[PDB]
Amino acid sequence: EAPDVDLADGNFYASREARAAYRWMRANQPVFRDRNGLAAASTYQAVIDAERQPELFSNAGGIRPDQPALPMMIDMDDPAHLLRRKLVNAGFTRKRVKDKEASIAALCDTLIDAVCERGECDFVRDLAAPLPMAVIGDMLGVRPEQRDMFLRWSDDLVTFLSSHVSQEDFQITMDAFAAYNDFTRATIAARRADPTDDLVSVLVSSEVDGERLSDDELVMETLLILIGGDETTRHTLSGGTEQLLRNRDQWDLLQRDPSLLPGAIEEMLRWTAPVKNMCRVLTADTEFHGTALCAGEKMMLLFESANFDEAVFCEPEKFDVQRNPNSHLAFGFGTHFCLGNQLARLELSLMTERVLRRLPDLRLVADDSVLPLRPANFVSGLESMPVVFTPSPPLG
C-alpha cells in the first residue's frame, strides 16, 4: 500500500523517512497522488519530461501548491519569461560571477576567523547560513551590520512559501516585504541617479530587445534573488559537509586531493536538494507516465526524489564525491534552470576548500539522527550542526 503522506506538509520533509516514501513512489506510481490527491513527479524521467514540456507544465500558475503567481521570472512562461531572464542575466554572466571569487573567499576567511580559536561552532549558524547572506547582501548594498535583518526577512518570506500560513504569519510576511520594498526602491532611486557596480546598478543598465526592467520588476526580481541567495545554498553547505563528516573516507579524499572539490560540490548538491519541489500547472488533460492529470491542477516536481532515482544514480544512498556522471536536478532543468547556479557553486567551493584546510580534523558532535531538519514544504535543510575541531589562530 502507498505511504500515507501529505506532500504539502512541511513535516513530511523534516522526516528522514521521506526518501523511503519517495522510493515507493518511484517503484509503484511514479507520478504519485498523495493522501489529498496532490500529484507529484517522483522519478528523474518524469521530472525531466515535465521540465522539457513547459507548454503543458506551466509556471504561470505559480510554483507553490496553493498560492497564486507573482510577477517575477520564476512564475512566468516563455516568451515573457525569456525576456525577463535575459534582462536579469546581466547580473549573472559567467565573468561577473567568477570575478566575485576573491570577495567571497575573504568573507569565508572572516567567518572562519570568528570561530577558529574556539574549537567548536554551530556549522549552520556560524558558517553555512551567514556566508550566502553576506554574498548576496554585498551584491544588494546591505551594510554588514544589517545582514541579520535581511536574513530574518528572508526566513519570514521563505516560511510563507513553505507552508499555508496563519493570519499572523501572513501579516509578518507582508511586513517583511514592505520593508524589503522600501529598501530596494531607495537603492534603485540612488543607482538610477548615480550608478555603482552593484547588482541594482547592473540591472538598471540591462537592456534587451530595446526593453528595460521597471522599478516594480527590479523589486520582484531582486527579491527572488535574495531568497535564492540566502535560503538555499546554506542547506547544501551544511548538509553536504555533514555527509563528508559522516563518511570519513570522503573527507579524507578531499583533504589530500583538492582537485576533487568540483565533483564533491556536485554530490553535496545531489544529496541535499534544498529545493524539495517546484510546482507546474497543467494546461490540458494529459496521461503522464501512467497517471491521468487534469487541466488546472498543480503537479510537484520532487527534485530530491529524482536525485535518489536508482535508474540514473547507481547506489543513490551512497555519498560519493567522485560520482561521474552526476546530472542531478538540485537546480532543476530547462527554461527555469537556476540562474544562480554558478554563484551557489562558487560559494560552496570556496567555503568548503577553506573548511577542509583550516578545520582539518572537523568532527560532528552528535550523529545525524538527533539533528533536526526544518519543517518546510519548499526549501529545507539542517537547523543546527554542532562541530568540533582543533583550534587555530585567525588569518585576520
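All residue numbers refer to positions in the sequence shown, first residue = 1. What we label the rigid core is the largest C-alpha set whose atoms superpose within 1.5 Å from one form to the other.
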Q) Looking at C-alpha RMS in 6 other deposited structures of this protein with the core superposed, is it 86-94 or 250-258 that drifts more? A) 86-94
Q.
Stretch 114-122 versus stretch 189-197: after rigid core alignment, which one is farther off in C-alpha RMS in 6 other deposited structures of this protein?
A. 189-197
**Q.** 231-239 set against 182-190, stretch whose average Cα temperature factor tops the other in the entry
**A.** 182-190
Q. Quick one: higher average CA temperature factor, 283-291 or 262-270?
A. 283-291
Q) So among 278, 157, 133, 124, who wins on Cα B-factor in the entry? A) 157
Q | Deposited CA B-factor, highest of 110, 305, 205, 222 | A | 205
Q) For residue 353, does the deposited CA B-factor place it in the lowest, middle or highest third of the chain? A) lowest
Q) In terms of the chain's CA B-factor thirds, is residue 46 lowest, middle or highest? A) lowest
Q. Thinking about Cα B factors across the chain, which third does residue 346 belong to?
A. lowest
Q: Taking the values exactly as deposited, rank residue 35 by C-alpha B-factor within its chain and report the matching third: lowest, middle or highest.
A: highest
Q) If you rank the chain by CA B-factor, which third does residue 165 end up in: lowest, middle or highest? A) highest
